[PDB]
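S.K.:
Number of protein chains: 2
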Amino acid sequence: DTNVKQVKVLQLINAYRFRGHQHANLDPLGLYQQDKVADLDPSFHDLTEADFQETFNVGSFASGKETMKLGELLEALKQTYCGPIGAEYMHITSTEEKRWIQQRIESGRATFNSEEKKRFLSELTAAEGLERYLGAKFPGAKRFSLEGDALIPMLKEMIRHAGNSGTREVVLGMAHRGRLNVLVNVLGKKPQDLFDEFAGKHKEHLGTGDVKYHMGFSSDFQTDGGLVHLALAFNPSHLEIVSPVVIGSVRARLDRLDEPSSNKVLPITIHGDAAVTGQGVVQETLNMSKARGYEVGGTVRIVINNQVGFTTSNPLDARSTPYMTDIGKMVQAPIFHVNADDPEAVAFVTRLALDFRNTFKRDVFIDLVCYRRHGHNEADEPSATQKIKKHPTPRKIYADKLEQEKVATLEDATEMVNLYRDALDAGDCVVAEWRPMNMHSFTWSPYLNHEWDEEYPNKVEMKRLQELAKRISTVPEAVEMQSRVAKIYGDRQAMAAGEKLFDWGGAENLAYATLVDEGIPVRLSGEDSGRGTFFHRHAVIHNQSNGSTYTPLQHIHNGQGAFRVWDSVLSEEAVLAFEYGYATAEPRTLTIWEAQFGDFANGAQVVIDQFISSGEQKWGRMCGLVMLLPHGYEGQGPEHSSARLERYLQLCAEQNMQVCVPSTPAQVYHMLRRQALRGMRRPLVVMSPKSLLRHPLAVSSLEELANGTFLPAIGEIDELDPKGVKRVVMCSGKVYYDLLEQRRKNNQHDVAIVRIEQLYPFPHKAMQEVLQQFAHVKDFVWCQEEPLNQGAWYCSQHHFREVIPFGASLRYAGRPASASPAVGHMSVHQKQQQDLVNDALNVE
Amino acid sequence: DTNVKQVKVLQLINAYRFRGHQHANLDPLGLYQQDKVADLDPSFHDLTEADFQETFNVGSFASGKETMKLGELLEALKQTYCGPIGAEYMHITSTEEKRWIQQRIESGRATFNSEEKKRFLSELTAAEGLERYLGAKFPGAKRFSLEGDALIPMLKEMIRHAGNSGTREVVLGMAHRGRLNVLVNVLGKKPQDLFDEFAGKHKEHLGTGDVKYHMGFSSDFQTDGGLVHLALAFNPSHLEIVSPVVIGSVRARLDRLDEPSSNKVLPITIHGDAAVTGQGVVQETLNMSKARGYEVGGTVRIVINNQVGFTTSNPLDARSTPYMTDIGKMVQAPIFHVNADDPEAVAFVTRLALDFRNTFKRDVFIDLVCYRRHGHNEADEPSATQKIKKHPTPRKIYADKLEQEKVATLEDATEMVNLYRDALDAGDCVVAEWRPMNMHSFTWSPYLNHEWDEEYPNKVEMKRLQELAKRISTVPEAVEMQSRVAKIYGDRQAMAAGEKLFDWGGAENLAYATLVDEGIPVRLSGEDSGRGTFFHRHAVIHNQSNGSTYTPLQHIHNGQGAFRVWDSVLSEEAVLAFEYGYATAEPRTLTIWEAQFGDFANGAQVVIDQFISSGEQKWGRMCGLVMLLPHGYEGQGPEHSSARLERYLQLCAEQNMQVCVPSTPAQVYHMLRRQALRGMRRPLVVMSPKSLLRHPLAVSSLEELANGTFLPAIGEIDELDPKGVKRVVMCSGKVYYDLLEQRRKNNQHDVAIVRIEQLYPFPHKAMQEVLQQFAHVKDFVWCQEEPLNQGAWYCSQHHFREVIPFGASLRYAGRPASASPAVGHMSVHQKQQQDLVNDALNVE
Ligand SMILES: Nc1ncnc2c1ncn2[C@@H]1O[C@H](COP(=O)(O)O)[C@@H](O)[C@H]1O
Ligand SMILES: Nc1ncnc2c1ncn2[C@@H]1O[C@H](COP(=O)(O)O)[C@@H](O)[C@H]1O
Ligand SMILES: O=C([O-])CC(=O)C(=O)O
Ligand SMILES: O=C([O-])CC(=O)C(=O)O
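If you want it as structure tokens, here you go:
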């Protein structure tokens, strides 16, 4: 009769552990408050009340406590769950996690000593002093004021606590706002250079530069556990694309270690206000946060919940979700709502989150709710109600709290402000732990300032090459194959014996085997490329008799290159930024990316347009990814057909990318080793075709791989007398073979065909060396199988009209331009295909 | 002593309501089973056991039940929560929803009568008979076999139950697989035409066509509640981009109703296997599923959990999330796991989901777990373990169940198969409820087959125009303005009196007012465009004294056009597909889309490349969106600067889009009414600039709007003698005014400037009519402020070299090509800016 209220308050306290966080006080100004705060939440609503003076504890379990009253229970517990911080954790089903968080945030509050309180007030006082000093000198600029002020102490506290738990390199990517404050007061960028580039006239690099709030920065940081090599990743004007970049960066920093002890490398990510729930890249990347080959045990990603949206106020249902970070209930990841009014709470919360990520290896969020004092660039209008003016600064209330706590007086905080302004006026480095950088962490020292025509050790010893073929083809008899897989491997065993010529797939993973034994690893991580998309790689043989897998490239010899294929989850726009961040933080590993189809790789456009094709000219950051893109006009579809090639050729600028179209498999051999061990890291977008995978003219002998060389522009392979030749046909892609299968079909001698295997670095030497044998002929053509807008026809005026001789002319052959690059119907497709091929060969 | 076990089993049954679904049996073949199924889940694990023969019921609450045993309790309850279906619902915090689902799925199981059982077995028997017939006639094709077979009966059951609850038009977008089965057996496409286009040689439209599994289809369906106008939206080869398209389509079908009673229009969406958790568009669109101006009360979106990922098997932690649809815990939306082994369960579940969406107005998911019998196109290899061969077909087990239920024998089901094969052999329409279509639902009847030079009633009565200005400018004195807002509105009141010329923003919402009174509504729904992105629209005046809003375009007169501005959530790639689906399902409303910046609109590339610029040529589907894109080289940033213009001009094909760059605000007036009330609906991508918003040469008199006309190519506005003129400068964008502010600065008479306000439909008449006054001059130039790759310089060979006279020449002026279109540093930016302008004016 009296224990029914005991179990009833156990029920209500469990349901108050579920949804106690919406009764909590989170807004630093007090406009996040809803009216639905007393509805089955407290004791007083349903069946219980006060004025009892008795409530016993957990009972027979010896807690050692003096729990006397349910009013005392809720008053002690609202000071834990419902106070400055809310804890959205009870929905995780893993009971070890639940009891671990119960052991942390209920039984014991981590009370801080006096010196840590002093350093928190000092550091956030320094943060707000920095931004007011920036307003003092430079009045009007793209400043992106932080003004929430809780970010700096919790960043430095989490860096200190990661130092005490041994995390040697922790990299953070973040959005545009709060940039300069973390660059100065956390990492320790040189403030005088920052004020110089505010004042402009800066000579940082020979590239085209970028605005001052995009350049991230590496630094060395001293904690009580040792040195910490912490970096800040780059960022374009787009938001929220940087978290797959930074998870790529930490997987690159984990593979350069001997062992992926995932506590030793930490990604942080600071997200925007309405972009952790706005942008769809975070769905893919925290989805990707537990997939094998992609996970780093999660990340401590932090949401600055500004309670703004660059125009939005806070009504009831104009808010798209109830909290602005509910995404972290996709995976059963804990969320922690923390205000800015008391950074004791944010220290406690980021200690809890870092302890969580280092113990149970899953991503944690930090809901950092705070306000926005000034604007982006102009007035704080479209958020109407401004309580912000009569709301005090965080250093004022926190210093007044610690003055009431008998720690720091007005003289102390005033001396801190004046010290900090003097430190900024000096131009000295602000952070007291910044160090100079040694050369070994500067791993990109042999990979700077090259041109595409360098010499790389292309020639391979033929005996070792045949041994690589016979090791990647001979498969142990435990892992039972599939019949078509067995036919492919028997055929490439015949290719190893010199019987059959190389088709595409055998030559391509032979190129993999040529890389991985010398010591240069390869990470291919495409979508669904463990077997290839067109059934033409099969680098993972599934044992269809047992179920386990065997990779015949991970068993060549010990001391090899670390080759790991990862079939991606279906991201296509945040797997590519992952392979960017893996590619720009390790120059050794040849990181290639294979889409499922051509224009199915159109999702990552921001990653192509603003990272990989603008990285060198904006930041001076190098990247050597390879984009294996399918590209074909067989007629299988309108957008199963082709990636947009001008979307990799309207980036036509100063040897930045390099698009190249391998026709022969000898070309894909030389292109992957041209990218791998050259010395320059600039992006490939290779047009890895479809019809040439199963084609009986894949002309690739093993003679063409040992003594074969790098070829950008393969001229005529047949025998033709150039005196009678009245036409040459410059054409790239499969259409050559189509033209070839019409030229030798109708034995036409007065026209030669020249392929152009590489397009973007304007092949001058390679084209003029293969046209001195066909120079006297005037009228050239540029065939293609793409439409007239598509292809490389708007690269013609750049260099096709200088490859041409003087007394000579050019004209066009190709499909006439249509919006769909391929028509959907097969009959009209082959009709205009055959008409175009028999139009390209005209003068007979 | 005996009630402690009562409250303990209440605790364990609540915790079994939370996580009872992972103990449930869901896989139709039995390879989704985990070992962590007995861990605090049942009674037997923690503190309770069997062999009691006593357990009382809820107690004093009169349930009217005979609940005798906790073993009986769990055996009755596992037959509800843990049986053929799992119910992931308890995590929603709204207690009305919880008690509603508790009232549905536990206190009563909806047992079906005999005839509904017969029609379910008949319809799925027809589905599997269809796909085996397709395999029988046509052996090798892009078939995308359904073979899970539960989708057809639950679709038709939900259509019937929506008919009984009055839903007049329900549109579904879906992925590639399961396409043809729903086209035949649900909507009722003509099967003979489907077999004809399998056989090919089809003449469906004059456009370029698309593959047979992309063309969606409209149909009229008969239920017991009335006619239902159900459509199937189009889809490119990309996946998962179609759900914002279909939510755009239902918001268009709700605004054509008088009132948005959201039960009467239903979106369904069928998602892919690894793409409801893979692709990031669903994050944005179910985020967007409760925002005002975007919500339709949610949607019943359905996940075909194939348990494949086009290569992936099912290991433990290779699965990125525990369930393949955990996304619907972003919003607190219920999820329902349903197998395929008994479509009684899927009927019960889709009735529950449709009752949920029609009652409480929030999105529901359907986790439809089922297997994949055959492949996409080739062998079922990279999923190794194939239990599928010894697993029976669904019609076999379901017919054998109902034979055991004394309903349908072997003769009955065999007669159903033979009837269905005869119906397919006839070429008759399969569905017995398909109807012909009337003309009024064919709303696009006056909007077909036009060209861009039609006449639209451009001339406006000047008195009514000035009245529109004085109504959009005069604001009632309750809604107190902001000071800069008050200065903008006072300035445009001066513009109304003919005192000040029109700048951009006053002329642009004057164009809005010109549209909305005549009867043609405008939906501008950009990101953060309720006030404009560059503070230059202010179409929502926030009362900064009270907090509520006032829109001076929603208060012109009664009987107006419905004008509704919606500030988007930060989507940029699924707000645009929403405005596509709103634009392609209502031709009346001028639906424009304003990005925050130029290349911040690069996220939606798939929506631009495969819907709006390929819609007319692939499907023959028309769309008239407008893309308000900022575009400027002030030097504010490298990618705050410009949208890629060739990314709207490498779509150069057959009058599909129309890019146009308004210089004067008179041009933006004529362009928005050129798109609005012309009669053709083809997409604009307008380059709405930045520096011209605050520019003292915004030459737009009210003379230029009443008697002003449509101008594609404005020639020289100043007075120049063409006999001495030795240069003309064709240039578009702000650079004209830059050139103008250098031409009249240095009083240079021998060079005229000609703008080209519209680029993509090759302006033949407009350019040759403005060059007959400057024809004798030979050397023309094409200035621009964009780099040499960027701009419209790879539209030059298309028509700039035919606008040119015969005895004449062209050369280039512009920025030399760089990867970043704008350099990041302001000093070198103005340096090359001034050098380029003084290079464009050379011959003096
Ligand atoms: N792709 C790259 N090209 C040139 N330098 C780089 C690249 N990535 C990193 N660095 C340099 O590497 C140093 C930092 O080391 P880490 O943090 O290991 O990349 C800095 O000097 C960076 O500029
Ligand atoms: N943008 C469009 N252009 C031409 N016809 C359309 C368009 N959108 C829908 N239709 C036609 O409208 C009919 C279906 O009506 P509704 O479902 O209301 O669009 C079909 O004949 C469609 O082809
Ligand atoms: O300006 C941007 O791109 C980001 C933005 O809209 C926001 O975070 O509110
Ligand atoms: O082939 C596609 O584009 C879709 C895909 O990978 C899947 O649904 O597994």
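In order, the protein sequences belong to chains B and A. Under the authors' numbering, read the first sequence as residues 84 to 231, 233 to 470, 476 to 933, first letter to last. Under the authors' numbering, read the second sequence as residues 84 to 231, 233 to 470, 476 to 933, first letter to last. For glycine and all other residues, C-beta sits at the position ideal for the given N, C-alpha and C.
1) Quick one: which chain A residues come within Cβ less than 8 angstroms of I411/B?
2) So, with DSSP's three-state summary, where would you put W541/A?
3) Contact between the stretch 430-446 of chain A and the stretch 454-463 of chain A is defined here as three or more beta-carbon pairs at a separation below 8 angstroms; is this criterion met?
4) Is the stretch 678-697 of chain B in contact with the stretch 842-860 of chain B, if contact means three or more CB pairs nearer than 8 angstroms?
5) Rounded to the nearest angstrom, how far is the Cβ of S404/A from that of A133/B, given a contact under 8 angstroms?
6) Residues in its own chain within less than 6 angstroms of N632/B by CB, not counting five upstream and five downstream?
7) Would you say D698/A lies against chain B (beta-carbon separation less than 8 angstroms)?
8) Chain A partners of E566/B, CB-CB under 7 angstroms?
9) Please tell me whether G797/A has its Cβ less than 8 angstroms away from any Cβ of chain B.
10) Compare the Cα-Cα distances from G382/B to each of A596/B, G594/B, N442/B, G587/B and report the closest residue.
11) Say whether the stretch 660-678 of chain B touches the stretch 618-638 of chain B, bearing in mind that this needs 3 or more beta-carbon pairs closer than 8 angstroms, one atom from each stretch.
12) Can you name the residues of chain A whose CB is closer than 7 angstroms to the CB of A881/B?
13) Are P328/B and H298/B closer than 8 angstroms when you measure CB to CB?
14) Against chain B, which members of the stretch 306-325 of chain A pass a CB distance test of less than 9 angstroms?
15) Taking 8 angstroms as the cut-off, decide whether the C-beta atoms of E428/A and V349/A are in contact.
16) Which residues in chain A have a C-beta closer than 7 angstroms to the C-beta of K707/B? List them in chain order.
17) Decide if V120/A is buried, meaning its Cβ has at least 16 other Cβ atoms within 10 Å, or exposed.
18) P772/B to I175/B, Cα distance in whole Å?
19) Taking Cβ to Cβ, would you say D426/A is nearer than 8 angstroms to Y487/A?
20) Consider the Cβ of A463/B: report whether some Cβ of chain A lies at a distance smaller than 8 angstroms.
21) Quick one: list the residues of chain B neighbouring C741/A, beta-carbon separation under 7 angstroms, in chain order.
22) Is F139/B buried or exposed, if buried means 16 or more other CB atoms sit within 10 Å of its CB?
23) If you measure beta-carbon to beta-carbon, which residues of the stretch 279-309 of chain B are closer than 7 angstroms to chain A?
24) Closest by CA to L109/A, which one among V90/A, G650/A, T85/A, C165/A?
25) Which residues of the stretch 436-463 of chain A have a Cβ closer than 8 angstroms to any Cβ of chain B? Give them in chain order.
26) Could you confirm whether any beta carbon from chain B is found closer than 8 angstroms to the beta carbon of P344/A?
27) Under 9 angstroms between beta-carbons, which chain B residues line up against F686/A? List them in chain order, please.
28) What are the start and end residues of each continuous alpha helix (DSSP H) run of 4 or more residues lying completely inside the stretch 258-345 of chain B, in chain order?
29) Just checking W523/A against ligand 2 - is the residue's beta carbon closer than 7 angstroms to any of the ligand's heavy atoms?
30) Start and end of the alpha helix (DSSP H) containing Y826/B?
31) Does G393/A come within less than 8 angstroms of chain B when only Cβ atoms are used?
32) Can you find the residues in the same chain that come closer than 7 angstroms, C-beta to C-beta, to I477/A, ignoring five residues on each side of it along the sequence?
33) Which residue from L207/A, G670/A, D924/A, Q105/A puts its Cα closest to that of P167/A?
34) Please determine, among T194/A, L794/A, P344/A, the residue with the shortest C-alpha to C-alpha distance to residue 997/A.
35) Please report how far the alpha carbon of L860/B lies from the alpha carbon of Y671/B, in whole angstroms.
36) Below 8 angstroms CB to CB, which residues in the same chain sit around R890/B once its five sequence neighbours on both sides are set aside?
M.R.: Quick answer:
1) Walking along the first sequence from the start, residue 411/B turns up at place 327. Those are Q367, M414, listed as they occur along chain A.
2) Translated into the one-based positions of the second sequence, residue 541/A becomes position 452. Looking at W541/A - three-state DSSP - the assignment turns out to be coil, as it is neither helix nor strand.
3) Taking one beta carbon from each stretch, the stretch 430-446 of chain A and the stretch 454-463 of chain A have fewer than 3 pairs nearer than 8 angstroms; the two do not touch.
4) Short answer: they don't touch.
5) Here residue 404/A corresponds to residue number 320 of the second sequence, with the count starting at 1. Here residue 133/B corresponds to residue number 50 of the first sequence, with the count starting at 1. Actually they are not in contact, since the Cβ atoms of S404/A and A133/B sit about 48 angstroms apart, beyond 8 angstroms.
6) The residue you call residue 632/B lines up with position 543 of the first sequence. Shown here for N632/B: same chain residues with a beta carbon closer than 6 angstroms to its own, the five before and five after excluded, namely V568, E569 in chain order.
7) As a working note, residue 698/A is residue 609 in the second sequence. Under the 8 angstroms criterion on CB atoms, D698/A is classed as interfacial with respect to chain B.
8) Within the first sequence, the letter at position 477 stands for residue 566/B. Using a Cβ-Cβ cut-off of 7 angstroms, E566/B is close to nothing in chain A; its nearest Cβ partner there is about 17 angstroms away.
9) Taking the first residue of the second sequence as 1, we reach residue 797/A at position 708. It does not; no Cβ of chain B falls within 8 angstroms.
10) Counting from one through the first sequence, the residue named residue 382/B turns up at place 298. When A596/B, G594/B, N442/B, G587/B are compared, the shortest CA-CA separation from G382/B is found for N442/B.
11) Flag = no, the stretch 660-678 of chain B and the stretch 618-638 of chain B do not touch.
12) In the first sequence, counting from the first residue as 1, residue 881/B sits at position 792. Residues of chain A passing the Cβ test: none, with the nearest at roughly 11 angstroms.
13) For the purposes of this step, residue 328/B is taken as the residue at position 244 of the first sequence. For the purposes of this step, residue 298/B is taken as the residue at position 214 of the first sequence. Not closer than 8 angstroms, so no.
14) Cβ proximity to chain B below 9 angstroms picks out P320, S321, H322, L323, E324, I325 from the stretch 306-325 of chain A.
15) The sequence position of residue 428/A within the second sequence is 344, counting from 1. The sequence position of residue 349/A within the second sequence is 265, counting from 1. At the C-beta level, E428/A and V349/A stay beyond 8 angstroms of one another.
16) The count along the first sequence starts at 1 and reaches residue 707/B at position 618. Near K707/B (Cβ distances below 7 angstroms), the residues of chain A are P727, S909, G913.
17) For the purposes of this step, residue 120/A is identified with residue 37 of the second sequence, where counting begins at 1. Per the 10 Å Cβ criterion, exposed.
18) Position 683 of the first sequence holds residue 772/B. Position 92 of the first sequence holds residue 175/B. Cα-Cα distance, rounded: 42 angstroms.
19) Reading the second sequence from its first residue, position 342 is the one you call residue 426/A. Reading the second sequence from its first residue, position 398 is the one you call residue 487/A. Yes. Within cutoff.
20) On the first sequence, residue 463/B is found 379 positions in, with the first residue counted as 1. Answer yes: the Cβ-Cβ gap between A463/B and chain A drops below 8 angstroms somewhere.
21) As a position in the second sequence, residue 741/A is number 652, starting the count at 1. Here the neighbours are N878, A906.
22) Locating residue 139/B in the first sequence gives position 56, counting from the first residue. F139/B is exposed by the Cβ-count criterion.
23) Of all residues in the stretch 279-309 of chain B, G284, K285, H286, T292, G293, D294, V295 have a Cβ within less than 7 angstroms of some Cβ in chain A.
24) Residue mapping note: residue 109/A aligns to position 26 of the second sequence, counting from 1. Answer by Cα proximity: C165/A.
25) The stretch 436-463 of chain A vs chain B, Cβ under 8 angstroms: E462, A463.
26) For the purposes of this step, residue 344/A is taken as the residue at position 260 of the second sequence. So no, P344/A is outside the interface.
27) Position 597 of the second sequence, counting from 1, holds the residue named residue 686/A. Among the residues of chain B, those whose CB is under 9 angstroms from the CB of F686/A are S321, following chain order.
28) If we require 4 residues or more, the alpha helix (DSSP H) runs fully inside the stretch 258-345 of chain B come out as 263-266, 275-283, 326-339.
29) Taking the first residue of the second sequence as position 1, residue 523/A is located at position 434. Because no heavy atom of ligand 2 lies under 7 angstroms away, the Cβ of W523/A does not count as near it: no.
30) Translated into the one-based positions of the first sequence, residue 826/B becomes position 737. Here the alpha helix (DSSP H) through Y826/B covers 824-832.
31) For the purposes of this step, residue 393/A is taken as the residue at position 309 of the second sequence. For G393/A, the nearest CB of chain B lies under 8 angstroms from its own CB, placing it at the interface with that chain.
32) As a position in the second sequence, residue 477/A is number 388, starting the count at 1. Close CB contacts of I477/A within its chain, under the 7 angstroms cut and outside five residues either way in sequence, are with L112, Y455, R457 (chain order).
33) Along the second sequence, one-based indexing puts residue 167/A at 84. Relative to the Cα of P167/A, the nearest Cα in the group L207/A, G670/A, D924/A, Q105/A belongs to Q105/A.
34) The requested residue 997/A is not part of the displayed model; chain A covers only 84 to 933.
35) Residue numbering aside, residue 860/B sits at position 771 when the first sequence is read from its first letter. Residue numbering aside, residue 671/B sits at position 582 when the first sequence is read from its first letter. The straight-line gap from Cα to Cα measures roughly 41 angstroms.
36) By one-based count along the first sequence, residue 890/B stands at place 801. These residues qualify, in order along the chain: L899.
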